[PDB]
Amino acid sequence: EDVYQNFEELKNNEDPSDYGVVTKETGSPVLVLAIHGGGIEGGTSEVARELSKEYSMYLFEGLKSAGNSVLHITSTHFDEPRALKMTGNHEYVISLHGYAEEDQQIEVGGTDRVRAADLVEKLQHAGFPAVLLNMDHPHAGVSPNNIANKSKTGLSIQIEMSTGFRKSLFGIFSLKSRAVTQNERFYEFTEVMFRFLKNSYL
């Protein structure tokens, strides 16, 4: 269970300084979506911001010193108005998430089954620990209600990164310091992502 059922409820309950909505609109067909940034799923803000160097981005970030889990709205309920706008304005969506696991692992899902498999292959070739989840796996990112699918095509890739994998990319794993301690692994990973994104969405 999430604390809030939708964005309006979160907005009416939380101080606006405790969260932030951040957008970058470039007209790229692909949108990078991170609805659980900041302290909600740590590291997803930094990955999103780096990818926004070449692609449009939507970021919702939890900015509390503690307790950011209360700001998590599951994807099938996430309706913040700028997210609805940006998703509908784009052809395709890549949606970044974190989950709790100490081992390094990347779980890839979504509605775009061909591109999801291709991403997994490209990550595995590059030495990253990715697996493809199929249609019946729980939380596969396939619901029409999932924000990531509310695009012009309906085709998404869901990237779920374990705690271990996310912590491997930063010198200091904090709200304050991830953004200024990205390591060589961070850039290696984001580069694999930039190569995939440019080749897969011509």
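Numbers follow the displayed sequence, beginning with 1.
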**Request:** Averaging only over Cα atoms, indicate whether 173 to 181 or 141 to 149 has the higher B-factor in the PDB entry.
**Result:** 173 to 181
**Fill in**
Comparing 131 to 139 with 35 to 43, the higher average Cα temperature factor in the PDB entry belongs to 131 to 139
**Item:** Maximum C-alpha temperature factor, selected from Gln158, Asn68, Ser162, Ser28
**Value:** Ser28
**Request:** Among the candidates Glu107, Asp79, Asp112, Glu121, give the one with the maximum CA B-factor reported in the record.
**Result:** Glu121
**Complete:** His97: CA B-factor among chain residues, third -> lowest
**Fill in**
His125: CA B-factor among chain residues, third -> highest
**Request:** Just say lowest, middle or highest third for the CA B-factor of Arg166 relative to the other modelled residues in its chain.
**Result:** lowest
**Record-listed C-alpha B factor of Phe186: chain third** = middle
**Asked** Taking the entry's C-alpha B-factors for this chain, is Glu54 in the lowest, middle or highest third?
**Response** highest
